[PDB]
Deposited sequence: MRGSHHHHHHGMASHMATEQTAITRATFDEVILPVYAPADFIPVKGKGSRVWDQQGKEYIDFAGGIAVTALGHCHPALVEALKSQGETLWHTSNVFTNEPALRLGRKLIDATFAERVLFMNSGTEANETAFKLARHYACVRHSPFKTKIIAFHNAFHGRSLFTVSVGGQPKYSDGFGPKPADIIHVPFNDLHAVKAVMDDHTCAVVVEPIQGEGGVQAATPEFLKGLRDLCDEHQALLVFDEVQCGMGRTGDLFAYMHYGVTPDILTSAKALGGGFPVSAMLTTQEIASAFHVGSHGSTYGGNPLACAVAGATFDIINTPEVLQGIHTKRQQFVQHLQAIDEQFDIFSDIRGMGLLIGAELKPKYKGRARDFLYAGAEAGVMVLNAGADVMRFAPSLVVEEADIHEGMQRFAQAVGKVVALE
């Protein structure tokens, strides 16, 4: 009855191919497997553990609320949800906040709301949604159809219709497809899964102007780039472009399943300042928000980015593997040179062997999404491990 890696194949649907070792415990940016091997975590559970593992403040919030009240249905509100709603409203453009569990659910509510607002405020025929190639918005049938990767939306029967995809950063293409029958433009300000590609300023500003012209809602999916990831509370604040609806998840709860959809009173009235929210989830997300939304933590994200980028540059000087280093704050993408095209997974595996956890963003890009408070010592140790992994792969060349 020992639980091993082999156990996964006997138990879970074959939709994942997980690592050969099993993390069992973590503190900060260090993680231990069943053999007590120690890893440096630059993956963050895919940009989720924004304050690292078992952060004392988050554990305290969990325990305190866990002794008090876990659950209310959406018939009720609860103090943690009201508190978190207020902090989001005070800190952002939002006047109304709806809480869910996952990024997928938050996006379902955002896309349903944009559709419904158009239906009741303009016309039942105003249904087109513009989205972008390589976008990722979740795995429900609707959200994966708004997602821009046909490989993930093919094969589930008839897709919800009236979704049009154009290239990310192509403002002319958006202009071309938008019209009075368009209800929404949905965009990630930085495409995380899609190779860590940031919107240009002109593109994002252009989406706002086109949404205004056509009476469409601009929906920012900040599930991955939000909650401090870029070094601002939300990426829209870096750009100075205010969306009509914004979604947040991943870092919002520091690891606890929680998500949010933020909008205005005018738009939300198509459906008090908050709706939903698990008491336990919202208590934890409140503690997370209180730490991430501080000048010091947000400044540190930029300091830490440069510490990572200097190491990636040193690695490239030595080994000649990267064509581009991009992203914002502590979402970092390092694109492999053509010689190593398609081999991101080879470097991820060698990384894991060397004791560092990193991500891909497609087969050509390495992705780093560490805790926003990752200690400098852990940045240097993990990046030395990564350099060692790169060395081992390159020596085979």
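- prompt: Hey, which stretches of the deposited sequence didn't make it into the model?
  reply: Unmodelled stretches, in sequence order: 1 to 20, 292 to 296.
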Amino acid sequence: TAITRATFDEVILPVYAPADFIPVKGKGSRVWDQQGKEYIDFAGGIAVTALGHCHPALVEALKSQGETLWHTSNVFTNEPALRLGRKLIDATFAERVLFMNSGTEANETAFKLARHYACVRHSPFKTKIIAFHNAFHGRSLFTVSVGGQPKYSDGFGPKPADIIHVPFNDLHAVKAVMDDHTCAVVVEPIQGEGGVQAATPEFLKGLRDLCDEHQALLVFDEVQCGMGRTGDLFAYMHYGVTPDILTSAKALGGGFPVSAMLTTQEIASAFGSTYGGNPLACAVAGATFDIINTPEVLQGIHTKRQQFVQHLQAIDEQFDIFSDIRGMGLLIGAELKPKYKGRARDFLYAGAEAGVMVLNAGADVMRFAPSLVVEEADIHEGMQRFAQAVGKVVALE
From here on, numbers count along this sequence of modelled residues.
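Higher-B stretch (mean Cα B-factor, as the entry records it), 67 to 75 or 107 to 115: On average, C-alpha B-factors are higher across 67 to 75.
message: Can you tell me whether 20 to 28 has a higher mean C-alpha B factor than 385 to 393 in this record, or the other way round?
response: It is 385 to 393.
query: Highest Cα B-factor in the PDB entry belongs to which of 81, 207, 196, 178?
result: Of the candidates given, the C-alpha B-factor peaks at 196.
Highest recorded Cα temperature factor - choice among 259, 288, 265, 123: The C-alpha B-factor peaks, among 259, 288, 265, 123, at 265.
query: Relative to the other modelled residues in the chain, which third contains the C-alpha temperature factor of residue 86: lowest, middle or highest?
result: As the PDB entry reports it, the C-alpha B-factor of residue 86 lands in the middle third of its chain.
- request: Within this chain's modelled residues, let me know which third the CA B factor of residue 53 belongs to: lowest, middle or highest.
  value: For residue 53, whose C-alpha B-factor we compare with every modelled residue in the chain, the answer is the lowest third.
field: Within-chain third of residue 296 by Cα B-factor, per the entry
entry: Ranked within chain, residue 296 CA B lands in the highest tercile.
- prompt: What third of its chain's C-alpha B-factors does residue 317 belong to: lowest, middle or highest?
  reply: Highest third.
query: Based on the entry's values, in what third of the chain does the Cα temperature factor of residue 325 lie: lowest, middle or highest?
result: It falls in the top third of the chain.
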